[PDB]
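Below is one structure, written out as structure tokens; comments come after it.
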Amino acid sequence: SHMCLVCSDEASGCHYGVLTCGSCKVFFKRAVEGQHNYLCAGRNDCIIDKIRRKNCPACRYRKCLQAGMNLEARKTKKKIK
Amino acid sequence: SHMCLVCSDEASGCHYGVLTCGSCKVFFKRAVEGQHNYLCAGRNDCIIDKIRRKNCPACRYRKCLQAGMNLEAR
DNA sequence: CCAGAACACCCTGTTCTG
DNA sequence: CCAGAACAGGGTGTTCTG
Ligand SMILES: [Zn+2]
Ligand SMILES: [Zn+2]
Ligand SMILES: [Zn+2]
Ligand SMILES: [Zn+2]
């Protein structure tokens with residue numbers, strides 16, 4: 001019953017190594033598999049929350065990285081301990 | 001040959017009273033009618049240019065109004 | 001030439017499947 | 001539980017129509 005660490009929406013589980021909602025889970029996967037040459041229109045600190053997370057993919061992706069999301073998370077936990 | 005005064009894309013003609021591109025023309029009309037209440041994720045001063053105009057409809061719509069865009073101007 | 005409508009795509013987020 | 005795929009919708013921008 002926790003909150004997505006990236007956007008504070010209703011979290012759905014531990015995804016790519018972090019507590020997140022589903023939207024952030026698929027957003028991160030899409031961002032890492034393509035290019036993430038996104039551009040912030042503000043000052044690289046946009047507020048990423050449930051209604052505003054769509055505004056700035058640049059800052060959203062940055063928060064994903066900063067919370068520790070990574071593709072090999074599940075496979076890394078499966079080497080422990 | 002010219003420049004949209006809202007997003008700086010190549011403008012297409014005078015729309016709603018102002019030199020704008022086509023995307024800004026239709027954005028503005030949708031903003032006034034659909035009257036969604038948009039919310040900035042920054043500080044209400046986002047850069048509105050070709051690639052970023054889509055990031056912040058609140059600020060884009062503000063820049064539209066500030067450039068003089070107006071529905072009943074014809 | 002411009003307003004408005006239609007179309008066509010992208011991005012997103014929910015649901016399905018392995 | 002959680003990854004990845006599929007599917008459904010909203011916003012955006014170009015083209016079409018009045
Ligand atoms: Zn989230
Ligand atoms: Zn940002
Ligand atoms: Zn424009
Ligand atoms: Zn803004």
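In what follows, every heavy atom counts, from backbone to side chain, and hydrogens, waters and symmetry copies are set aside. Naming convention: chains lettered A, B, ... in sequence-line order (proteins, then strands); numbering from 1 in each chain.
- Under 3.5 Å, the side chains of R62(A) and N44(A) contain no donor-acceptor pair of N or O atoms.
- Hydrophobic clustering keeps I51(B) apart from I47(B) (ILVMFWY residues linked when any side-chain heavy atoms are closer than 4.5 Å, directly or through intermediates).
- The residue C14(A) sits close only to the backbone: its heavy atoms come under 4.0 Å of sugar-phosphate atoms, none of a base.
- What separates CD of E10(B) from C1' of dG13(D) is a distance of 15 Å, to the nearest Å.
- For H36(B) and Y38(B), the distance between ring centers is under 6.0 angstrom.
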Verdict with reasoning, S8(A) to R53(A), per side chain to side chain contact (heavy atoms under 4.5 Å, CB included): CA-CA 10 Å; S8(A) 292; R53(A) 73 196 178 196; over 6 Å; no

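- Distance from the side chain of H36(B) is smallest for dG11(D) among the nucleotides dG11(D), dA3(D), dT12(C).
- A side-chain donor-acceptor contact under 3.5 Å links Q35(B) to the backbone of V32(B).
- The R60(A) side chain lies nearest to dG13(C) when the options are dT12(D), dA3(D), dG13(C).
- Taking a pair as Watson-Crick or G-U with both hydrogen-bonding distances under 3.5 Å, the stems of three or more pairs touching DNA chain C are C:2-18 with D:2-18.
- Distance NZ (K75(A)) to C1' (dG4(D)): 13 Å, rounded to an integer number of Å.
- Closest to the side chain of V26(A), out of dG13(C), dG13(D), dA3(C), is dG13(C).
- For the OP1/OP2 pair of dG4(C) and a distance below 4.0 Å, the side-chain nitrogens and oxygens of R30(B) include no atom meeting the criterion.
- In this model, the phosphate group of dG4(C) is approached by a side-chain N or O of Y16(B) to a distance below 4.0 Å at OP1 or OP2.
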Evaluation steps, side chain to side chain contact (heavy atoms under 4.5 Å, CB included), between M69(A) and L5(A): CA-CA 10 Å; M69(A) 300 182 68; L5(A) 278 208; over 6 Å; no

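- Whole-Å rounding puts the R53(A) CZ to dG10(D) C1' distance at 13 Å.
- Applying the 4.0 Å criterion to OP1 and OP2 of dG4(D), one finds that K29(A) has a side-chain N or O inside that range.
- Atom CZ of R52(B) and atom P of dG13(D) are 15 Å apart (whole Å).
- With rounding to whole Å, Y38(A) atom OH is found 10 Å from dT12(C) atom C1'.
- Note on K25(A): a base of the nucleic acid sits closer than 4.0 angstrom, heavy atoms only.
- Nucleic acid contact for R74(B): base, since at least one base atom lies under 4.0 Å from a heavy atom of the residue.
- Linking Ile, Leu, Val, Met, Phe, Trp and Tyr whenever their side-chain heavy atoms come within less than 4.5 Å leaves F28(A) and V26(A) in two separate clusters.
- Put simply, CG on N37(B) is 17 Å from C1' on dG10(D), counting in whole angstrom units.
- Atom NZ of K77(A) and atom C1' of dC1(D) are 10 Å apart (whole Å).
- Salt bridge absent: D49(B) and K63(B) never bring a charged side-chain N and a carboxylate O closer than 4.0 Å.
- Between the CG atom of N55(B) and the P atom of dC10(C) there is a distance of 18 Å, rounded to whole Å.
- Mapped onto DNA chain D by nearest heavy atom, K54(A) and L71(A) fall at different nucleotides, with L71(A) at the one closer to the 5' end.
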